[PDB]
Amino acid sequence: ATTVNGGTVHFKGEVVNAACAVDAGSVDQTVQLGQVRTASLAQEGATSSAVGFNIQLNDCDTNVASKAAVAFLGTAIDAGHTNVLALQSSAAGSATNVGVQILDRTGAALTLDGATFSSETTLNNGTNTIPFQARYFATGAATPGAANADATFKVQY
Amino acid sequence: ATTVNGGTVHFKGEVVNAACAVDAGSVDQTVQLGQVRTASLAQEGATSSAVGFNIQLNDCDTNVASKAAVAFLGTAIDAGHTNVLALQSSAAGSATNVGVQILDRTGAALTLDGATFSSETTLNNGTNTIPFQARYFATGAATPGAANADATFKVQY
Amino acid sequence: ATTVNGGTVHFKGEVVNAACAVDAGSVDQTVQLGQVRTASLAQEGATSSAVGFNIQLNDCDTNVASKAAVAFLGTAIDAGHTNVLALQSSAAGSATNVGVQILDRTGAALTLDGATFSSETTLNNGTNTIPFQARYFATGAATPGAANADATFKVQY
Amino acid sequence: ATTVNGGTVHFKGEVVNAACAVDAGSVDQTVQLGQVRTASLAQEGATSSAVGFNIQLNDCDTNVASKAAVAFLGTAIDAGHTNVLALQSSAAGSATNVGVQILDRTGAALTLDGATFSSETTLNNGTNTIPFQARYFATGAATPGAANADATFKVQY
Amino acid sequence: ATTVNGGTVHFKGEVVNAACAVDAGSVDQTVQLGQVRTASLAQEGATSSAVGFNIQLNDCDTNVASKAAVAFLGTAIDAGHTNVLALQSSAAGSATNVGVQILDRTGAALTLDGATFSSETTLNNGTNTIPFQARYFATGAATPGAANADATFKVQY
Amino acid sequence: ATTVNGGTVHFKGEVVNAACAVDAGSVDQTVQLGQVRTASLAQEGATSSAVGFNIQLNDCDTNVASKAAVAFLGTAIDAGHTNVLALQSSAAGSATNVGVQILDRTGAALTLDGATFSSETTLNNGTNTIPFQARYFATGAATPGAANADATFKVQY
């Protein structure tokens, strides 16, 4: 009695054929960076502190593959600096001459092409986790405003 | 001085005459499933792990009705299997011979007709929450690709 | 002062005498299919992935009728295959030996005659929504080009 | 080499001398009304729900004029009811004893004479938009069939 | 080799000459209201709970202007109640004798004329955000059905 | 009993013979730019912040082709500046001496001819995504008004 309709529910997923699958808690997330002062970013080559995140992998069989690495794809700020993201801004006066890198666990930047791969990682029989860091990078004088970036990634076995 | 026009803002809502109303945070949402390997879906009757969601109800008076149940409506993959969604794909080569079910809290699939109702649930004077789960189901051999589903629902008092 | 004429505005609507009326957002719409490769459509009986749409009904009284179904009317590609649309092309070299079906929620094709009706659907006191799917179908070898189809429909109480 | 003629292309436009000009996307458009049941239109004074549209104005200087209003011109169904359109039908048995009004943002009908003007509207330096609504109106008992209306308009500064 | 055409991409934007510009994430959005029971809207003067939204402003210089306020423009349900939206319905039997207001941060309704402005707001050198609320309002007895509204806005410096 | 006709439904799609097909969610879309102040666009060579979009590809086989790139086709504002769109305006006083570019992931403008191609991109076995950015560009002094652009594209394997 007194039946009423509801709303709508969507679904998102994938079916892949590889060694180890990507956890559902890491297909889309949001890492914060907080704020950073212009006095810490004065000249070219300036660098702030870094925060970290991770990529979780589940149902990981060692008998079909041994190691794993990743690769990233974004948008360079300049053809001279081929390792810094551009700014996925809101087209309403964001910051100028800034950018964010991606640091490997070995401690180096990555080439944003989708072909440069990172170092290897030995796996287990189950849950595996690979950490990464990110930090701001400047190519000169900094300006106040806003800053947002966005990128995708890709793994290899 | 210097007045400038803005943009446009829309509104969506309903007015219903029933016992307990649907929360605004659950008329439209998006639950992720992540990924799943083809090796876990080999033969007919294959089953992966399940994630969960919930439906929130507010302003719920016990004096006009006691219990509540739901029902779902989608699209079957086959007339033999009357409890599995089809794939609301992008018509660009998604996965084949897969599908997603809906598991009740009593632990059974539901008939996608909009007439089969679930078990009852005792209510409170205020916020009430009913949980559900979903998981992948196969009817044979699996293929790589993509997978998206979509369905609506309907309650009863 | 300084009065200037404007343009012209048209109106389209209907007045029907039935149980439940058709929403204004679904008397005329356009569903996309994107693209599809010829390698996925090789032999007779080939099938691609499917996208979905819906028909919305409003002001729906249960006291005058209980269930509802639909029927479609188009143009067959052949008298042997009485369930596939032809191609409402632009007469400038579109694709050959392709076509689009309509899948019911029970998971079957429909006979394009305007007399074959689909399965029933229980109604509410208000907004009701009935989903459907569509996908490409081939009767042999496929050719590149373009593809457009068009059809009408009809309901029953 | 191998030159072939094409087709024909037309042009439509105006040159006016006033404060603010009419956008090209609103000299001719088509607003739908969907359907409406005869049970909602039973006696004289019956009223259905309303949909809305808008008129867009561009290059609007405030220094030459301040406010603006509109006026409409159509065909009355009766000399007693001087605010309801007639039915621009197809002379093949459309609906009887129906009609459509035009509601101002202040919430009143308009006199279809081309001399009754609406309320004022303060302007900006650029894009301005004035909304309006329309709904069905009856003067007695309704009949099934079809319904189409058409009208023009005129502004004032 | 094997070059294939793509689709079509559009663009929307504005160029304004003022103090502080409107963020791209708020020129067009959609706020939900969920559902509301008829028992909470019984007599004239009835009121339900409220949800909130905000308007984001970027690249905001304090040296050219100090404060800011907004104004709204819609369609009144009645000339007696000059602060309640009408219902931008689908002309297929939506709800009757309902409506939605707009509450300022000072806690008052707004006059839907496009000339009544709200209270001031002190600005920063960059991102600024102004919140607002909305809730259902009734002028008598409520009916079941649907409810949709739509309005535009306009700022001042 | 009491059968009533419905409306009309259209279909749009393509059949192509290439390596990787275009997703249905990206044959036609609309990216917003919001607003931008005239003070940020003062002289020739002025530049605002950028927003981003992407092109999704599905059912992508690596065994028939390896890399992919795109090309664009629009309308230049001048024969001296062969990389800036014109303004697909409404012929009612839009902005003057503005325009929008397209930035590659390598960080350069593109020649609007339909023959200049972008950089390569390594592919996967399935879903692939290629990002791009867009921003306003000026060739002198800016004017207030409106701004809309439109372009098509084309891929290569």
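A, B, C, D, E and F label the chains in the order they appear, each numbered from 1.
Everything that follows uses one rule, which is that contacts are C-beta pairs under 8 Å (C-beta built on N, C-alpha and C of every residue); 3 or more make two chains touch, one makes a residue touch a chain.
S.K.: Where in B-E, D-F or B-D does the C-D interface recur, with over half of the contact pairs identical by residue number?
M.R.: B-E
S.K.: E-F versus C-E: which interface comes out with more C-beta contact pairs?
M.R.: Between E-F and C-E, the larger count of C-beta pairs in contact belongs to E-F.
S.K.: Please report how many Å separate the Cα centroid of chain D from that of chain E, as a whole number.
M.R.: 25
S.K.: Distance from the CA centroid of chain A to that of chain E, rounded to the nearest Å?
M.R.: Centres of chain A and chain E (C-alpha means) sit 35 Å apart.
S.K.: Can you give the whole-Å distance between the Cα centres of chain C and chain F?
M.R.: One centre to the other, that is 30 Å.
S.K.: For chain C, give me the residues that contact two or more of the other chains.
M.R.: Residues 13, 16-18, 21-28, 33-37, 40, 51, 59, 124-127, 129, 136 of chain C each touch two or more of the other chains.
S.K.: Which residues of chain F touch chain B in the complex?
M.R.: Going through chain F, the ones touching chain B are 13, 21-25, 58-59, 125-127.
S.K.: In the complex, go through chain D and note every residue touching chain C.
M.R.: It is residues 16-19, 22, 26-41, 51, 53, 55, 65, 70, 85, 88, 95, 98, 100, 134, 136, 142-157 of chain D that touch chain C.
S.K.: Give every residue of chain A touching chain C within the complex, in rising order.
M.R.: Listed in rising order, the residues are 2-5.
S.K.: Using the touch definition up top, name the residues of chain F that touch chain A in the complex.
M.R.: Residues 33-37, 40, 48-52, 103-108, 121-122, 124-127, 129, 131-133, 135-136 of chain F touch chain A in their complex.
S.K.: Help me check something: in the complex, which residues belonging to chain E touch chain C?
M.R.: Residues of chain E touching chain C: 90-94, 144-146.
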